[PDB]
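Atoms considered below: every heavy atom in the structure, side chains included; atoms not considered: hydrogens, waters and symmetry mates. Order of the sequence lines fixes the chain letters, A, B, ..., with proteins taken first and strands second; residue numbering starts at 1 for each chain.
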Amino acid sequence: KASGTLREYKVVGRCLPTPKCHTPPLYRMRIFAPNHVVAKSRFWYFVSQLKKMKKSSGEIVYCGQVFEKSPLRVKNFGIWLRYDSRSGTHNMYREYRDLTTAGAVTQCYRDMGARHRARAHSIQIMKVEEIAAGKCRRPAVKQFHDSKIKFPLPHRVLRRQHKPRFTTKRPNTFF
Amino acid sequence: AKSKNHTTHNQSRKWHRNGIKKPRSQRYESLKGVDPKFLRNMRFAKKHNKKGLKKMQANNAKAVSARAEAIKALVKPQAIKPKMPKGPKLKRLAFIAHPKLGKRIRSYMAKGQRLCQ
Amino acid sequence: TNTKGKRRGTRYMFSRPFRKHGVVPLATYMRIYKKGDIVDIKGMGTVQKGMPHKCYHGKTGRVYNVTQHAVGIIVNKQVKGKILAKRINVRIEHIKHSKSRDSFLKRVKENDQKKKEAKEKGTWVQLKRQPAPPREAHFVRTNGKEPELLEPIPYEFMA
Amino acid sequence: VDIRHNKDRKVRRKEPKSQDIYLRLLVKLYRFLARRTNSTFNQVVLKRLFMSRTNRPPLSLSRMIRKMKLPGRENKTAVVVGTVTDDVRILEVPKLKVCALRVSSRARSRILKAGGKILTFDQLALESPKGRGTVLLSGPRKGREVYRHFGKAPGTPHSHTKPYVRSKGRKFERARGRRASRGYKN
Amino acid sequence: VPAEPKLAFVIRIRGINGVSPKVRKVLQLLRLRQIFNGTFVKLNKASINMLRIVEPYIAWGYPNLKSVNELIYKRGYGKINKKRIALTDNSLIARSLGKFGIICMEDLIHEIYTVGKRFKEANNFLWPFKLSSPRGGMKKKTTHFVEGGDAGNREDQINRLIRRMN
RNA sequence: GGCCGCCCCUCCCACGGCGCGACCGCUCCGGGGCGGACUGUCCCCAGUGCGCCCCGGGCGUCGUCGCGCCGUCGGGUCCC
RNA sequence: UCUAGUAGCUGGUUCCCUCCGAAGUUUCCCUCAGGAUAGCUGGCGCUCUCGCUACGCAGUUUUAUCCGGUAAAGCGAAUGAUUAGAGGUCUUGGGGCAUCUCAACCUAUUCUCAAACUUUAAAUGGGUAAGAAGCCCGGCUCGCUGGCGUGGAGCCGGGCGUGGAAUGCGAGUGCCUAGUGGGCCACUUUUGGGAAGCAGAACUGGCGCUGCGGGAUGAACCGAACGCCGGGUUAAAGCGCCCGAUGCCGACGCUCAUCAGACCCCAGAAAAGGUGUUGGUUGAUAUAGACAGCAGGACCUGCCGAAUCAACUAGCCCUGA
RNA sequence: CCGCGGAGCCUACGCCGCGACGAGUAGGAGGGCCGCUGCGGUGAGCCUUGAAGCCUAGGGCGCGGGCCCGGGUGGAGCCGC
RNA sequence: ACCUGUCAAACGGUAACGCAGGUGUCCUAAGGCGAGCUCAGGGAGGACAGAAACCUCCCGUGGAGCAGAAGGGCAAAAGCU
RNA sequence: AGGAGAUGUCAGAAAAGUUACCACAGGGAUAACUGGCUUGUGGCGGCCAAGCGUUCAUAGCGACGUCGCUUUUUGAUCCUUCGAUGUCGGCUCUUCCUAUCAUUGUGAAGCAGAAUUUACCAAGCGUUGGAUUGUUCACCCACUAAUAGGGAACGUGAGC
RNA sequence: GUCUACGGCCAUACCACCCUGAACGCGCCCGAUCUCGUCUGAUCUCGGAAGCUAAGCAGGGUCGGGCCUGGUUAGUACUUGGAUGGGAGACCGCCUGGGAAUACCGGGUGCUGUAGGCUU
């Protein structure tokens, strides 16, 4: 699949009732997809490789977006994923700091593409949970667990180039 | 010197240009190939169908008389002219809008809408 | 090029099924074929007489002639962009009745009788077949049991 | 877009290929009748006025008598878009009202001597503008020699079609392929 | 669980160059002989399996009441005596469809939307819609919708596409 | 004239939920007495299912029948 | 002079517009640079069909019902091929010496295989059917068949329209008929060959016959197919400048190359390596005290006093070049 | 009927309306008020007050094949249907 | 000019101086019909007799044979007499 | 009318060779050069490390295997050229490549010195005179710092 | 509850071994004058009725082999259709649909038609 800024979808589905089984079990997954159409397709991708349930023999009982409970609270997220490299498949655990669960997962897709050239179709995200500051393991995330965090902004690149595009004064980047 | 040997390329495209037409079906087909001893009897059966024409006519006439009696035993009903429906507004308005059955009711309604008469 | 032999490439299509060789069961000779009924052609290698050609194996046609041991069949054959109705004589062992026609004749019967029942009962009944309609709206009860949460499993390199 | 154009133009006669001004006047008359009248008789007559001579075979007097003697055909006008020819194998001619483009002289004499009436298509329009009380007849369209040569080829098994033969005799296409004693006979 | 939809709107999104014979046949059975032509399709197992054949060539979904309204009102034409005639008066609908009870543009919209009896006649009366190019562009015509593309079944997003092509 | 606008009400229907009984079908984690087979603890032993036979419990997609109670910008040309 | 000799071979073959529009394949031929033949094309029609002040058909699906031995799988299932131990023993077996080990055979297992093997067995395939030419009653004919009022077929009357899946479409048919009968390319499948821009096949699409936007350029790629124009919008592809369009205060990272890298077909690189840098996996040490470093005894200690060590994996960059 | 009157039309091989479509080698067909030479009819045609032919920075028509007119030269025939 | 298996992509068709092979015959029976039998191989026994002579019992789904190559087919058979 | 005597090039002419004395119509539908694809073969490299090297896998080599590069070998193919692209070698002359023989600057050794071998930057400069052979190739004689290898339509015939 | 004669489907019916079999029947059984055929009345053919369920045959049994059927294998292997997906390649991932086969683990071990008996 592709990505925009992903949302979290709770998708609940089941098999169609059969004379053998009148009340088949309900199954729930949390799927991170750009839209609900992609979410339902991703649900059938996983549940078919787990529970032997195809779309033609089942139905989507429910599909709704899961809103973030504390979008104004900064959190640490652990992501458990598996991805296919050019030679082999691997299991990875990663950390991100974000305000929303979906945003952390979008960070992970960007970071997998940046560091491993992994495309979204080659990634399976199996667990995303909020981690306390004491249980974080990556130094990149741990350095922001400091109640007196304080740093300057050293060398600010002039981003408003071309606005004059021709000026007498050379830009100052100290601020 | 050497050339291509065989291909069926572009052949299916040629066939479908005028269509793969199924053979025509006729109600009567050829008796060609069926058992000659069976043909000989069927011709003899057809040859002598003229005999028993009197019995066929008498039996057919009796059936015609019997079915005529059955028709007489039944009476063709006559319906009534449809009237203005009461309940459903759409049904009532479709009746008024009918060019034939609504002609008289429309005249009365129009005569009622006249102002300063 | 390859040969024009009559039984070239019939190594498996004219072989008997596994543990089904030997004497031909006698009810195949007792099946009764009238003029006008539809038969499936399936060559049997146990009987080498009256054997249909390989291009008619798996084909379906209708009986136009009945003889002492064989049946004439009008079978459609596709030849280089035209379909022609061939007439072939096949012994009884290599044919059997086609069940598609039997199903349709049954449906005609239940249709006619349902018309008679509907007219006598003053009701209207559906007689045309319809394609599988979209599933109707319904409720799904949870029975106080939460749906089980599925999750992709970690990768493991087996032997 | 995504269509075929090889059958867009229908091939049919929309006017007579003839330059005969008298036929062109009847075409003018029956073009008006086919348009301003709901009769399908006037439409059929208009089509046959366009048609070629091979498509307007002569109608024998004997065959018209045959077709006008069928029950319910009494006191009806036989209409032929074509020529009415005389049959010498018929000895008694009843009274017939026949409309035709052409009638041979001997046919016209026999019809008139019997008490019948011959009409042209302009008098048929005046008498029956709709085509009421008519029997629309046609000559045998495949009753000419070219159709004995058409169809399945002569040298093909179950073909009874006449070959193109310069002269007829024992020495002209009778040996090999027409005889089991000379090669084969299919 | 709501009833799965009975109505689909199908837009051809591909050209006529290099189409396989089976896909070509299904497209002319759907009356999508031109790119950006659209039509309503009644959904059942017969039609759905037809739409699976032509999946890379079409973008379809479930239209809403506004979609069926704008399509019929703005560029809805009738097939009157094998001619493409604009639906300017209700008389054109009544002369061709009045025997079934469809006498106005509102009846034809109700007939298409709440698909039931006589949907075959009402829909075949409508000439295949000639939609414009999608204003704002497309994502990827050669890839399925669930992969960031254009093709296949965008179930409810078809109404966004209709706003941009109609 | 009619409908909708706020209050005791009023009937029917539809959907969902909660209980109460009756009926039916499967089941034993079951009890009691009638015949057959099984065990190297076989005479004093110990089990295993099967027929009629009625009580006890469960399930039936949450079966059928009704009875109540709760919800609906629910439906009945907005029931009376 | 016969003689303008014959040529399946090379060259040429003169005005405009409009409409339709191919083939390089089958079979036969002293046939392979050629013909005849079917196919593909055009022209002329004709027979019907629907509608306003349906005769039927289909490069499609569905619903039923048959057909098959390729992909896969199997070899403690048959035919072949084949590795290793184990438990028993008749041994026209051998060796070292009453013998005992090997070999042989048998039995239960085990490793690895098959285009010309198979119990099993797909996906995609192919055939048929989805009614008025039907269904149901009554009668007649027969020299065929026959225990029979038998059976089968034919023929004559009568009754029954809820027109018996979806979708789309107007069909049928005759004559005459030119060119062509060197092909080539691509996804997938596939034979020979180390391989080839090599040779040979299947299916579909394409080039040839075809221009247009993009791939700088290009027969075949991607997009899309074309009467002459105005407005608007897109596809594939793009938006530093050449060159239309990011002169966005675009988002997150990765990467420095003394041969950097920079977009389908496509136009150049492999095994193996790096203590370059970035992620990730597994294991281990460390308060009794980690790893460093300062030395001694000869793996232990005291002094500094918190993270460290190893193996592997995969991104960009580098060596291989 | 206090007005005595009322546009155009319909070379029917003509005129008018509506809808869809338009690539093309080899090849097929249709139309040509495209062009050349001669013949039968016809234009009470043209021409020494200037035919044919030729030249042209002139005016134009037709999608095109081509054509008409102006000007110059020329000196005896030429064209339309 | 023919035939078998494979190629060949589970209907049919499908190419190469692709692969593995066969044919220009043979049979008065090895054609036709009927009857009666069961074949290859193995185990255990019996004078000469032994790894292979002949006799007997048992097991034997065909693992034999059916003239030609191969594939299919076949057991009170299509095999033997 | 039915059998038979046969055409195996098996839809069925009645048929030996040579041409370097040759001819015509054609063919790049097709060979003999270059060039282009390919690189089996040729040539040149790399990886692993069983051994060799007194001792010692890796100074220097490198078996069993395995990955590449080049087009100065020969093949394979038939895309271009058969109404003509003059053909082997030598002679003459220029330029280019480096996979370096020497010379400049270095690193390593089983580098004591001398001599030699291995590797790096590196093609600026140089790489000869003769006997035999038509020869490319080869071989020998003799000098030398060395007597390295190649390309440019297998460079170069209106230059011989 | 069973059998016999003739069968249909051809193992859920076969194979190995053990137990039981009332009554009819089916057999084993006794014999060679006739019919018939043999080296041999063993088989085949014929005439019987002293004995016997030992055998055939039937029913049952076996943590039985096989066979049938279902789980598992497994949404695995494979595969229709798609992309200017990845990868130097070999090949691999995803979208859209279909979807197997051993080993391994359970359950079952003939149903039945026509005619005629026994179970009195």
Side-chain angles (χ1 to χ4, degrees), chain A residues 15-22 24 48-58, chain B residues 8 22 33-35, chain C residues 1-80 83-110 129 132 158-159, chain E residues 22 45 49:
Chain A
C15 292
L16 293 159
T18 283
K20 316 181 45 51
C21 186
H22 286 73
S48 147
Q49 91 194 352
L50 282 176
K51 283 293 164 134
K52 200 120 154 215
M53 172 186 347
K54 281 150 82 223
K55 183 166 109 133
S56 62
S57 68
Chain B
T8 36
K22 276 226 212 258
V34 312
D35 177 354
Chain C
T1 59
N2 41 39
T3 73
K4 311 288 86 208
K6 288 175 226 244
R7 278 178 67 150
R8 169 180 66 86
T10 59
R11 169 164 176 173
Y12 303 108
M13 100 169 44
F14 283 162
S15 69
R16 295 302 294 147
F18 186 59
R19 309 207 335 269
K20 279 180 162 336
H21 300 254
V23 186
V24 185
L26 276 201
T28 84
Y29 297 100
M30 266 162 250
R31 304 296 178 187
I32 282 174
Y33 301 99
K34 312 237 274 190
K35 186 154 321 167
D37 63 24
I38 297 99
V39 293
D40 306 307
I41 294 107
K42 188 213 234 212
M44 165 165 28
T46 302
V47 182
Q48 292 92 22
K49 296 189 136 10
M51 234 190 322
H53 198 250
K54 54 198 190 193
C55 65
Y56 302 104
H57 190 102
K59 302 297 141 80
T60 326
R62 38 182 177 91
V63 175
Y64 83 94
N65 191 35
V66 189
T67 56
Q68 264 102 351
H69 319 104
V71 149
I73 320 178
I74 300 165
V75 204
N76 287 332
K77 189 197 180 176
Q78 213 207 129
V79 175
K80 258 182 212 74
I83 284 157
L84 32 65
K86 306 279 275 170
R87 302 194 169 205
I88 72 174
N89 301 294
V90 180
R91 270 176 108 99
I92 279 310
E93 298 80 312
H94 312 285
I95 72 171
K96 86 196 149 279
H97 285 284
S98 147
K99 287 177 55 195
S100 52
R101 191 65 187 164
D102 194 7
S103 169
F104 167 67
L105 299 178
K106 292 179 180 179
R107 174 152 65 76
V108 177
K109 285 340 192 84
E110 330 301 348
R129 289 172 305 159
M158 237 68 72
Chain E
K22 187 176 269 39
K45 170 118 145 153
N49 287 23

Sequence neighbours left out, what passes salt bridge (charged side-chain N to carboxylate O under 4.0 Å, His left out) with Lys77(C)? Give chain and number order. none
Quick note, side-chain hydrogen bond (donor to acceptor under 3.5 Å, both in side chains) partners involving residues 86-95 of chain C, not counting sequence neighbours, are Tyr29(C)-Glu93(C)
Would you give the length of the straight line joining atom CD1 of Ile41(C) to atom CD1 of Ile95(C), rounded to the nearest 0.5 angstrom? 7.5 Å
ring-ring contact (aromatic ring centres under 6.0 Å, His included) with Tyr33(C): which residues, sequence neighbours excluded? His97(C)
For residues 43-63 of chain C, pull every pair meeting ring pair (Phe, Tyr, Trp, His ring centres under 6.0 Å), keeping only residues two or more places apart or in separate chains. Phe14(C)-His57(C)
Any residue meeting side chain to side chain contact (heavy atoms under 4.5 Å, CB included) with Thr67(C), in chain and number order, not counting sequence neighbours: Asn65(C), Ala70(C)
Restricting to side chain to side chain contact (heavy atoms under 4.5 Å, CB included), what partner residues turn up for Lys106(C), sequence neighbours left out? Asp102(C), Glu110(C)
Pairs satisfying salt bridge (charged side-chain N to carboxylate O under 4.0 Å, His left out), at least one member in residues 36-64 of chain C, at least two apart: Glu29(B)-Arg62(C)
Taking only residues two or more places apart in sequence or in another chain, which ones pass side chain to side chain contact (heavy atoms under 4.5 Å, CB included) with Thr8(B)? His6(B), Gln11(B)
Scan residues 5-16 of chain C for pairs that pass side-chain hydrogen bond (donor to acceptor under 3.5 Å, both in side chains), counting only residues two or more places apart or in two chains. none
Residue list, side-chain hydrogen bond (donor to acceptor under 3.5 Å, both in side chains) with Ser100(C), at least two apart or on another chain: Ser98(C)
With sequence neighbours excluded, residues passing side chain to side chain contact (heavy atoms under 4.5 Å, CB included) with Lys51(A): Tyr27(A), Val47(A), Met53(A), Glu148(C), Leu150(C)
